[PDB]
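Accompanying notes for the structure given below.
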Amino acid sequence: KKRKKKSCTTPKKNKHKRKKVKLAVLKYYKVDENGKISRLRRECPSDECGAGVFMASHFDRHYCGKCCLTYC
Amino acid sequence: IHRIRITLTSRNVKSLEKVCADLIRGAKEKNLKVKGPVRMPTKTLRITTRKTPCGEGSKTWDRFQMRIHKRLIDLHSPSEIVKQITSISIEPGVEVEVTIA
Amino acid sequence: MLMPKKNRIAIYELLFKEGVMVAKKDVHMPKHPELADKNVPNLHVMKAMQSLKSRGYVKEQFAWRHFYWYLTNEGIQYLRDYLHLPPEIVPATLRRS
Amino acid sequence: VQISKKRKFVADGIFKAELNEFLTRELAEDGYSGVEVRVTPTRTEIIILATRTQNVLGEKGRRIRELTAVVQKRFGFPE
Amino acid sequence: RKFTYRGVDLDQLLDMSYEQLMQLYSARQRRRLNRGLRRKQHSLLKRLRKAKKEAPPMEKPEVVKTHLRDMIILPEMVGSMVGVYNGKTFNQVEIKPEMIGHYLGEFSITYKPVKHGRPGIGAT
Amino acid sequence: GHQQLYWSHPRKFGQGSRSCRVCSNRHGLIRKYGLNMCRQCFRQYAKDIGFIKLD
RNA sequence: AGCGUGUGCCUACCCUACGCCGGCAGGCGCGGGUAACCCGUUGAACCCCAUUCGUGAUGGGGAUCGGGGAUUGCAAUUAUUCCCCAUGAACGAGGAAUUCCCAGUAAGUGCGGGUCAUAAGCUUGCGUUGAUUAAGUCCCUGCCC
RNA sequence: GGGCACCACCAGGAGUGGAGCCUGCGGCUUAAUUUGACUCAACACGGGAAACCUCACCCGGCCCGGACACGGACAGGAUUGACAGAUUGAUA
Ligand SMILES: [Mg+2]
Ligand SMILES: [Mg+2]
Ligand SMILES: [Mg+2]
Ligand SMILES: [Mg+2]
Ligand SMILES: [Mg+2]
Ligand SMILES: [Mg+2]
Ligand SMILES: [Mg+2]
Ligand SMILES: [Mg+2]
Ligand SMILES: [Mg+2]
Ligand SMILES: [Mg+2]
Ligand SMILES: [Mg+2]
Ligand SMILES: [Mg+2]
Ligand SMILES: [Mg+2]
Ligand SMILES: [Mg+2]
Ligand SMILES: [Mg+2]
Ligand SMILES: [Mg+2]
Ligand SMILES: [Mg+2]
Ligand SMILES: [Mg+2]
Ligand SMILES: [Mg+2]
Ligand SMILES: [Mg+2]
Ligand SMILES: [Mg+2]
Ligand SMILES: [Mg+2]
Ligand SMILES: [Mg+2]
Ligand SMILES: [Zn+2]
Ligand SMILES: [Zn+2]
């Protein structure tokens, strides 16, 4: 027997393309003229994600991308 | 002085009987008390298969067979003399097991 | 193939320590028996050894279900330069004990 | 625990068959003739019969020192 | 005229727990419930309940589709629209009170009934 | 995720949980005495294993 | 009775004695066996001795269906298998044609192994009961000199 | 023109071909009802007793397990995974 093609489905299921963001570190910190630094993003309460691993400021929740911890 | 049992397992009878005779002679040369060798019933493993790698032709079968023979020897003696006589006993194809009951 | 760098480090360290490698050709095996407590899947070992083979660093044999890999001289040099090992370290194979 | 005598003898035969196949594939180039396994409670010795032993040994004995390694890795009995 | 399942009407069935319903069912359904339901069946139940809650007071609930042909029909499913996969299409089934204790796959047939044609040359 | 779905189907019994120890074929398998070979591989290696034809 | 199997590299899945519960399929405990050691003195079926039936598609036969219960599995519906009540079809020895077989044989009757989580109307072996006919030919079929 | 054979006959036994059912093979249906084999020397044969796997057929959806070499892009980030809501047969 020979293989039939039958090439017809939903036109194209596209693959997710990751967003390109330039200098994402900067928006985590706010700066005053005096030289102070304030951390805009919350720090996760988990063990590993404690100091430099910031959370996600979603419109209705806080989300840590490293351990899937979520808060209201 | 221990009651020591030697179990000999083999696939061919000539080597097994040669080893048993060697052990008996060696032990009796030391003026020891030997019982046996007592021969257990022979075991016969059988595998029946089809000859053809496919399912075509006359239905012919191969009958493969393996035979296992077993001997027992009893000795009233200390451990050291048994190991003395056993060291020589090493033979290709014969499994020798020494136990103290 | 994508894998954490520590898995590659462990595989290469084991290979350079022993000089040989054995695998079972089982992509679904949760972890390599030899690489225990380091959590290296068997698939990672297979693919890393394949990558080494394609570059000529290891020689390969296959028997009845198993992969056997031996380390080549250029593979020895590559592993020594990769792991930053001193020139006074050789695999256990190269020692006539 | 332990296994029965039937399983023990079948396992020994299967081990010998696999060892022979591996040695055949490895040493066909060297005129590999056969393998003889002598089991002793101290060590299990393997005798390789081939037309020329120089290629099997290798330089300074490297190649054979490799083989006795992978065998130990394959069947798992201790170093 | 009023529906009763082994002498029990629908309201009492809806009030009963799973342990009480085990004794009403037959041996197969009782054994299945004793072995427990897994995550997928609970998800299907949750989706059916959510769909039935949002129905208008005089309208039918939205059809919920599923591949679970071995799902047992519980008394809480009566009155829901379920599309059951038969391997090719989702067949729409409305759960009636007399379906309690059957499987979902018993109501979506997996083959086309045979209408025979003229036998060919190779038949003797 | 994919990690859960991939190879999730249980394989603790059946033809899918057993294969030949030489060629990884699941058909015509011999399990007696723990051989775990297909019939063709067994016929190929019987003399090496130690099965002799006497009848 | 006899031949055999039994706790498995991956690999999860063994054979079961005894006590109690259930009417049965089964469920609980608690032991032995890696085996001439435990299942096991393998209390097998046909066969044998009594009882009922009485030439009636009959108490022969057991297909097809209804309602219940239990086990294997992740999952039993298009019924996995098993058990219990109920239902009770054709079939009264088979046309033309055609198969196998010469002594512990043919046939009857059970029991192991393979497949096997669940598992035999198949196959491969083993016993038990045990014959009629023949010690010839080239007529049919076929193959050689 | 001879010789031989119970996969030939003769003298027989048990039969099969008839019934119900179980299983293979054709047909006919189907989205698919995967496929090999057709006189002995195909048809309870492929050790083929398939609920899933087996699986090779149909419907739908993930994954790369595309080595290595060259070029591009890249620590001002090449790429990886994921909570909620939507979506989905599905907690892909
Ligand atoms: Mg009647
Ligand atoms: Mg009757
Ligand atoms: Mg019923
Ligand atoms: Mg069907
Ligand atoms: Mg009845
Ligand atoms: Mg004829
Ligand atoms: Mg039988
Ligand atoms: Mg069976
Ligand atoms: Mg069959
Ligand atoms: Mg003639
Ligand atoms: Mg006649
Ligand atoms: Mg008959
Ligand atoms: Mg007849
Ligand atoms: Mg008939
Ligand atoms: Mg036909
Ligand atoms: Mg095909
Ligand atoms: Mg012929
Ligand atoms: Mg077929
Ligand atoms: Mg079946
Ligand atoms: Mg199903
Ligand atoms: Mg599936
Ligand atoms: Mg299938
Ligand atoms: Mg990728
Ligand atoms: Zn965190
Ligand atoms: Zn094979």
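Proteins get letters first, then strands, A, B, ... in listed order; numbering begins at 1 in each. Below, each value reflects all heavy atoms present in this structure, side chains not excepted, and no hydrogens, waters or symmetry copies.
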Name the atoms and distances for all side-chain donor-acceptor pairs under 3.5 Å in residues 94-101 of chain B, with sequence neighbours left out.
from	atom 1	to	atom 2	distance (Å)
B:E95	OE2	D:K8	NZ	2.6
B:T99	OG1	B:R5	O	3.4

Tell me which donor-acceptor pairs under 3.5 Å the side chains of residues 40-49 of chain E have, and how far apart each pair is, sequence neighbours excluded?
from	atom 1	to	atom 2	distance (Å)
E:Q41	OE1	E:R38	N	2.9
E:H42	ND1	E:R38	O	3.4
E:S43	OG	E:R39	O	3.0
E:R49	NH1	E:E76	OE1	3.3

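The phosphate of G:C74 has neither OP1 nor OP2 within less than 4.0 Å of any side-chain N or O from E:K40. When the side-chain nitrogen and oxygen atoms of E:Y103 are compared with OP1 and OP2 of G:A75, none of them lie within a distance under 4.0 Å. For the pair D:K6 and G:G6, the criterion of a side-chain N or O lying under 4.0 Å from OP1 or OP2 is met. Regarding contacts with the backbone of G:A36, a side-chain N or O of B:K70 is found under 4.0 angstrom from either OP1 or OP2. One finds no side-chain N or O of B:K59 lying less than 4.0 angstrom from the OP1 or OP2 phosphate oxygen of G:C122. An OP1 or OP2 oxygen of G:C116 is reached within less than 4.0 angstrom by a side-chain nitrogen or oxygen of F:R18. For the OP1/OP2 pair of G:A12 and a distance below 4.0 Å, the side-chain nitrogens and oxygens of F:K12 include no atom meeting the criterion. Using a 4.0 Å cut-off, no side-chain N or O of C:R65 falls inside it from OP1 or OP2 of G:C9. Dashed line: the shortest gap from a side-chain N or O of E:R47 to OP1 or OP2 of H:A90 is under 4.0 Å.
Glycosidic conformation of G:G19 is anti; the angle lies outside 90° of 0. Glycosidic conformation at G:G92 (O4'-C1'-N9-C4 for purines, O4'-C1'-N1-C2 for pyrimidines): anti, more than 90° from 0. Against the 90° criterion about 0, the sugar-base torsion of G:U11 places it in the syn range. Annotated as anti: G:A36, whose glycosidic dihedral deviates from 0 by more than 90°. Shown here, G:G61 is classed anti by the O4'-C1'-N9-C4 or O4'-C1'-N1-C2 angle, which is more than 90° from 0.
Residue-level contact check: E:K65 touches the backbone only, with heavy atoms under 4.0 Å from sugar-phosphate atoms and none from bases. Among the atoms of the strands shown, none is found under 4.0 Å from any heavy atom of F:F42. Counting any heavy atom pair closer than 4.0 Å across all strands shown, E:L44 reaches no nucleic acid atom. Residue-level contact check: A:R3 touches the backbone only, with heavy atoms under 4.0 Å from sugar-phosphate atoms and none from bases. Looking at heavy-atom distances under 4.0 Å, E:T110 makes contact with a base. Using a 4.0 Å heavy-atom criterion, one finds that E:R35 contacts the bases of the nucleic acid, with or without backbone contacts as well. Among the heavy atoms of the strands lying under 4.0 Å from E:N86 is at least one base atom, whether or not backbone atoms are also near. In this structure, F:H27 reaches the sugar-phosphate backbone alone: every heavy-atom distance under 4.0 Å involves primed, P, OP1 or OP2 atoms, never a base. Among the heavy atoms of the strands lying under 4.0 Å from F:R31 is at least one base atom, whether or not backbone atoms are also near. Within 4.0 Å of A:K6, counting heavy atoms only, lies no atom of the nucleic acid at all.
Rounded to a whole angstrom, the distance from the P atom of G:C3 to that of G:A107 is 24 Å. Between the P atoms of G:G61 and G:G92, the separation comes to 16 Å (whole Å).
Between G:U77 and its strand neighbour G:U78 the base rings do not stack, failing centres under 5.5 Å or planes under 30°. For the consecutive nucleotides G:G92 and G:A93, the six-membered rings of the bases fall outside the stacking limits of 5.5 Å between centres and 30° between planes.
Contacts between residues 114-124 of chain E and RNA chain H, counted as heavy-atom distances below 4.0 Å, involve E:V114, E:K115, E:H116, E:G117, E:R118, E:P119, E:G120, E:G122, E:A123. Near-neighbour residues of RNA chain H inside residues 43-56 of chain B, defined by a heavy atom below 4.0 Å, number-ordered: B:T49, B:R50, B:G55, B:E56. Listed in residue order, the members of residues 50-58 of chain C having a heavy atom less than 4.0 Å from RNA chain H are C:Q50, C:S51, C:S54, C:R55.
For G:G88, the ring torsion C1'-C2'-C3'-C4' comes out negative, which puts the sugar in the south group. For G:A89, the torsion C1'-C2'-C3'-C4' is above zero, which places the sugar in the north, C3'-endo range. North is the pucker class for the sugar of G:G23, given a positive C1'-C2'-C3'-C4' value. Judged by the sign of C1'-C2'-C3'-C4', H:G89 carries a north-puckered sugar.
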Report summary line: Dot-bracket assigned to RNA chain H with the 3.5 Å Watson-Crick/G-U criterion, [ ] for crossing and | for other-strand pairs, is .||||..||..||||....................(........)...............................................

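Here salt bridge (charged side-chain N to carboxylate O under 4.0 Å, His left out) pairs that include residues 51-72 of chain A, with residues two or more places apart or in two chains, number zero. Counting only residues at least two apart or in different chains, salt bridge (charged side-chain N to carboxylate O under 4.0 Å, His left out) contacts with residues 90-119 of chain E comprise E:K60-E:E94, E:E94-E:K96. Listed by first then second residue, pairs satisfying salt bridge (charged side-chain N to carboxylate O under 4.0 Å, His left out) with a partner in residues 42-51 of chain C number zero, not counting sequence neighbours.
Base pairing of G:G95: no nucleotide in any strand meets the Watson-Crick or G-U wobble criterion (both distances under 3.5 Å). Across all strands shown, G:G125 forms a Watson-Crick or G-U wobble pair with G:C111, both key distances being under 3.5 Å. Applying the Watson-Crick and G-U wobble criteria (two distances, each under 3.5 Å), G:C18 pairs with G:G29. If you check G:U133 for Watson-Crick or wobble pairing at under 3.5 angstrom, you find it has no partner at all.
Side chain to side chain, B:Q65 and B:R67 meet the donor-acceptor criterion of an N or O pair below 3.5 Å.
The minimum heavy-atom distance linking D:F22 with C:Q61 is given by the pair CE1-CG, 4.4 Å.
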**Report entry** Reading 5' to 3' through nucleotides 70-77 of chain H, protein heavy-atom contacts under 4.0 Å coded B for base, S for sugar-phosphate only, - for none
**Finding:** ------SS

List every contact pair, protein side and nucleotides 81-85 of chain H side both N or O, where the distance is under 3.5 Å.
from	atom 1	to	atom 2	distance (Å)
H:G81	OP2	A:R18	NH2	3.0
H:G81	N7	A:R18	NH1	2.9
H:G81	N7	A:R18	NH2	3.2
H:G81	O6	A:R18	NH1	3.2
H:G81	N2	A:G65	O	3.1
H:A82	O2'	A:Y63	OH	3.1
H:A82	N3	A:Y63	OH	2.6
H:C83	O2'	A:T70	OG1	2.7
H:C83	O2	A:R61	NH1	2.6
H:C83	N3	A:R61	NH1	3.0
H:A84	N3	A:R61	NH2	2.9

All N/O contacts under 3.5 Å from nucleotides 67-71 of chain G to the protein, with atom names and distances to one decimal?
from	atom 1	to	atom 2	distance (Å)
G:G68	OP1	E:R6	NH1	3.0
G:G68	OP1	E:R6	NH2	2.7
G:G69	OP1	E:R30	NH2	2.7
G:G69	OP2	E:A27	N	3.2
G:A70	OP2	E:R30	NH1	2.5
G:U71	OP2	E:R31	NH1	3.2
G:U71	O4	E:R28	NH1	3.4
G:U71	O4	E:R28	NH2	3.2

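Residue F:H9 places a side-chain atom within donor-acceptor reach of the base of H:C52, judged by atom type and a 3.5 Å distance cut-off alone. The base of G:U11 does not come close enough to the side chain of F:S17 for any donor and acceptor atom to sit less than 3.5 Å apart. Between the side chain of F:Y6 and the base of H:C62, no donor-acceptor pair of N or O atoms lies under 3.5 Å.
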